[PDB]
Q: 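My questions all concern the structure below.
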Amino acid sequence: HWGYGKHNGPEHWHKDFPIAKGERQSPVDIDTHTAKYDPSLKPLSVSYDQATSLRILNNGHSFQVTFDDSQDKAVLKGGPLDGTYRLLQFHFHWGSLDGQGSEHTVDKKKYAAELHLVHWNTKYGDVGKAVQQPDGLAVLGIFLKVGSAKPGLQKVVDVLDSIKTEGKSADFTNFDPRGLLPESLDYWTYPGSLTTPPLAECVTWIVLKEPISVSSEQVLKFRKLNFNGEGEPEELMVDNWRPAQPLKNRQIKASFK
Ligand SMILES: NS(=O)(=O)c1nnc(NC(=O)[C@]23C[C@H]4C[C@H](C[C@H](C4)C2)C3)s1
Ligand SMILES: [Zn+2]
């Protein structure tokens with residue numbers, strides 16, 4: 001089964017998921033001098049006031065926080081998007097050292113980690129149907145750099161000890177994801193894919209220009225998680241990022257000059 005190691009990592013995924021070599025794969029390097037400002041792009045609308053978080057879970061490739069998506073409660077609209085996209089979950093990708101960990105890069109620069117808030121287009125009724133559509137999902141990507149602590153991340157960090165190994169979950173209600181956002185909603189956008197299997201080409205990517213800062217103590221707690229299940233040889237969950245893929249016939253648009 002797939003992972004991030006030498007024998008099951010990103011260079012192997014195409015054998016089970018041939019779309020790994022497809023025409024709109026993610027992540028990509030964002031070349032800031034080639035991205036074009038698009039004045040027709042509307043402001044992003046992030047409406048998280050009624051978000052209802054449910055659980056936090058170690059799924060063997062990251063940890064994720066899941067939300068109630070049975071109603072319009074936490075939604076993303078505007079920007080490049082048509083219609084309403086409901087927040088399903090967020091998760092992170094991170095590195096073994098501070099100089100790597102992000103999936104998207106900016107002028108080849110790698111950040112220490114990357115937060116992905118995963119949303120799906122309500123016109124398709126459920127997320128499984130949405131993943132089969134070219135406009136089915138919208139992922140809001142936020143870079144993390146190491147510096148001052150991010151207070152809105154601390155409640156997450158606090159609970160990671162309880163989900164150390166694959167399969168573990170914990171109650172994670174009343175979490176406000178607005179605490180994970182930077183000040184600015186300036187963004188780049190391009191059509192892409194899921195960055196883990198099945199690698200489906202169903203995502204409108206919205207990558208925020210402004211990173212959030214997290215403390216060294218916060219990211220160190222990410223690095224104490226395990227890929228393995230309890231009772232198996234301990235393999236630290238680090239470097240769970242897919243590298244940049246070919247841009248091919250795609251243009252990255254910027255919301256800002
Ligand atoms: N790293 S990223 O944000 O591009 C993501 N890469 N893969 C992701 N997968 C999902 O989000 C799913 C949401 C539900 C349906 C598909 C089957 C399970 C269930 C998970 C997809 S997000
Ligand atoms: Zn992701």
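Positions are given from 1 along the sequence.
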Q: Assigning hydrophobic clusters by single linkage (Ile, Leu, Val, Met, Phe, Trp, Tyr; side-chain heavy-atom cutoff under 4.5 Å), is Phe90 placed with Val75?
A: no
Q: With clusters defined by side-chain heavy atoms of hydrophobic residues (ILVMFWY) lying less than 4.5 Å apart, directly or transitively, does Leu87 cluster with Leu54?
A: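 No; tracing contacts between hydrophobic side chains, which count when under 4.5 Å, never links both residues.
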Q: If you look at every heavy atom in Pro191 and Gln251, which pair is closest and at what distance?
A: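 Smallest interatomic distance, heavy atoms only, reads CD-O, 4.5 Å.
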Q: Does anything in residues 82-97 pair up under salt bridge (charged side-chain N to carboxylate O under 4.0 Å, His left out), and if so which pairs, sequence neighbours excluded?
A: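 Qualifying pairs: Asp72-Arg86.
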Q: Could you report the tightest heavy-atom contact between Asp68 and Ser70, atom names first, then the distance?
A: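 Heavy atoms only, the tightest pair is OD1-OG, 2.7 Å.
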Q: Would you say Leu180 ends up clustered with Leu140 if hydrophobic residues are merged whenever their side chains have heavy atoms under 4.5 Å apart, either directly or through other cluster members?
A: yes
Q: Look only at the side chain of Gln245 and the backbone of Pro243, and say whether a donor-acceptor pair between them is shorter than 3.5 Å.
A: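 Yes, the answer is positive, given that a donor and an acceptor are paired below the 3.5 Å cut-off.
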Q: One pair to check against side-chain contact (heavy atoms from CB on, under 4.5 Å): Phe222 and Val214. What are the steps and the verdict?
A: CA-CA 11 Å; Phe222 284 14; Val214 303; over 6 Å; no
Q: Checking the side chain of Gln25 only, and the main-chain atoms of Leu199 only, is there a donor and an acceptor separated by less than 3.5 Å?
A: yes
Q: Donor-acceptor pair, distance only, cut-off 3.5 Å: does the side chain of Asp98 make one with the backbone of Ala112?
A: no
Q: Looking at every heavy atom in both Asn8 and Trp13, which two are closest together, and how far apart are they?
A: O-NE1, 3.1 Å
Q: Taking the side chain as C-beta and beyond, is there a heavy-atom pair between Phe227 and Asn240 under 4.5 Å?
A: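 Yes, close enough: below the 4.5 Å cut-off.
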Q: In sequence, state the C-alpha distance, the side-chain angles, and the governing distance for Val156 and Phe172, and then conclude on side-chain contact (heavy atoms from CB on, under 4.5 Å).
A: CA-CA 9 Å; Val156 169; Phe172 207 67; 3.6 Å; yes
Q: So, do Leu44 and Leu208 sit near enough that their side-chain heavy atoms are less than 4.5 Å apart?
A: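 Touching, per the 4.5 Å side-chain cut-off.
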Q: Are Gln71 and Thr52 packed together at the side-chain level, in the sense that at least one heavy-atom pair is separated by less than 4.5 angstrom?
A: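 The answer is no, as the side chains (C-beta and beyond) never meet within the 4.5 Å cut-off.
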Q: For the residue pair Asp16 and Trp2, establish whether any side-chain heavy-atom pair is separated by less than 4.5 Å.
A: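 Answer no - side chains too far apart.
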Q: Restricting to side-chain contact (heavy atoms from CB on, under 4.5 Å), what partner residues turn up for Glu230, sequence neighbours left out?
A: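 By the side-chain contact (heavy atoms from CB on, under 4.5 Å) rule, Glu230 matches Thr165, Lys168.
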Q: Assess whether side-chain contact (heavy atoms from CB on, under 4.5 Å) is satisfied between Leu115 and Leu153, documenting all intermediate values.
A: CA-CA 11 Å; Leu115 161 63; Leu153 180 62; over 6 Å; no
Q: Under the side chain to side chain donor-acceptor pair (under 3.5 Å) rule, what pairs show up with a residue in residues 129-146, not counting sequence neighbours?
A: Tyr124-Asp135
Q: Do any pairs count as a salt bridge (charged side-chain N to carboxylate O under 4.0 Å, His left out) and have a residue in residues 28-55, sequence neighbours left out, and if so which ones?
A: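 Every pair satisfying salt bridge (charged side-chain N to carboxylate O under 4.0 Å, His left out) with a residue in residues 28-55: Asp49-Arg178.
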Q: Tracing side-chain links under 4.5 Å among I, L, V, M, F, W and Y, which residues wind up in one group with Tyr37?
A: none
Q: When clusters are formed from ILVMFWY side-chain contacts under 4.5 Å, directly or step by step, what else is grouped with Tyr190?
A: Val28, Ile30, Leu88, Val106, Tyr111, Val118, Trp120, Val127, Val131, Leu137, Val139, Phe143, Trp188, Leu194, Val203, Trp205, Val207, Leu247, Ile252, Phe256
Q: Could you give the distance from CG (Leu160) to CG (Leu220), rounded to the nearest 0.5 Å?
A: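 One gets 12.0 Å once the value is rounded to the nearest 0.5 Å.
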Q: Who pairs with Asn121 by side chain to side chain donor-acceptor pair (under 3.5 Å), at least two apart in sequence or on another chain?
A: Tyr85
Q: Are any non-hydrogen side-chain atoms of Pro198 and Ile19 less than 4.5 angstrom apart?
A: no
Q: Partners of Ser255 by side chain to side chain donor-acceptor pair (under 3.5 Å), sequence neighbours excluded?
A: none
Q: Could you work out, with side-chain contact (heavy atoms from CB on, under 4.5 Å) as the rule, every residue matching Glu210, not counting sequence neighbours?
A: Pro182, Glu183, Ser184
Q: Please check this pair: side chain of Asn59 against backbone of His61, looking for a donor-acceptor N/O pair closer than 3.5 Å.
A: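 Checked: pair present.
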Q: Counting only heavy atoms from other residues, nucleotides and ligands, does the tally under 6.0 Å from CG of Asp107 exceed 12?
A: yes
Q: Drop me the distance from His104's NE2 to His93's NE2, to the nearest 0.5 angstrom.
A: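 Going from NE2 on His104 over to NE2 on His93, the span is 9.5 Å.
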Q: Is there a donor-acceptor contact under 3.5 Å from the side chain of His119 to the main chain of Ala138?
A: yes
Q: Do the non-hydrogen side-chain atoms of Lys253 and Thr189 ever get within less than 4.5 Å of each other?
A: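 Yes, their side chains come closer than 4.5 Å.
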Q: Where is the tightest heavy-atom contact between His91 and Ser62, given as atom of each residue plus distance?
A: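 Looking at all heavy atoms of both residues, the closest pair is CB-OG, 3.7 Å.
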Q: Report the hydrophobic cluster partners of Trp241, with the cluster defined as I, L, V, M, F, W, Y residues connected by side-chain heavy atoms closer than 4.5 angstrom, directly or transitively.
A: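 Joined to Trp241, directly or through intermediates: none.
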Q: Crowded around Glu234 CD? As in, over 12 foreign heavy atoms under 6.0 Å?
A: yes
Q: Just by modelled atom types, is the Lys110 backbone N or O under 3.5 Å from a matching donor or acceptor in the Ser102 side chain?
A: no
Q: Find out if a path of hydrophobic residues (ILVMFWY) with successive side-chain heavy-atom gaps under 4.5 Å connects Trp94 to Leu57.
A: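 No; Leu57 is not reachable from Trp94 via cluster members.
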Q: Is there a side-chain contact (heavy atoms from CB on, under 4.5 Å) between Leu76 and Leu81 once you walk through the steps?
A: CA-CA 8 Å; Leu76 186 63; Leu81 305 170; 3.9 Å; yes
Q: For residues 191-206, which residue pairs pass the salt bridge (charged side-chain N to carboxylate O under 4.0 Å, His left out) check, not counting sequence neighbours?
A: none
Q: Check the side chains of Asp239 and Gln100 for a donor-acceptor pair under 3.5 angstrom, ignoring hydrogens and angles.
A: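 The answer is yes; a qualifying pair exists.
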Q: Does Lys150 have more than 12 heavy atoms from other residues, nucleotides or ligands lying within 6.0 Å of its NZ?
A: yes
Q: Can you name the side chain to side chain donor-acceptor pair (under 3.5 Å) partners of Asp158, sequence neighbours left out?
A: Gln154
Q: For a quick test of reading the model, state the closest non-hydrogen atom pair linking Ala149 to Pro151 and the distance between them.
A: O-CD, 3.4 Å
Q: If I compare all heavy atoms of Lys248 with all of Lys21, which pair ends up nearest, and what's the gap?
A: NZ-O, 3.1 Å
Q: Would you say the side chain of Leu117 lies within less than 4.5 Å of the side chain of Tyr48, judging by non-hydrogen atoms?
A: yes
Q: Taking the ring centre of each residue, are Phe175 and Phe67 less than 6.0 Å apart?
A: no
Q: Should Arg242 and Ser193 count as side-chain neighbours, where that means a heavy-atom distance under 4.5 Å?
A: yes
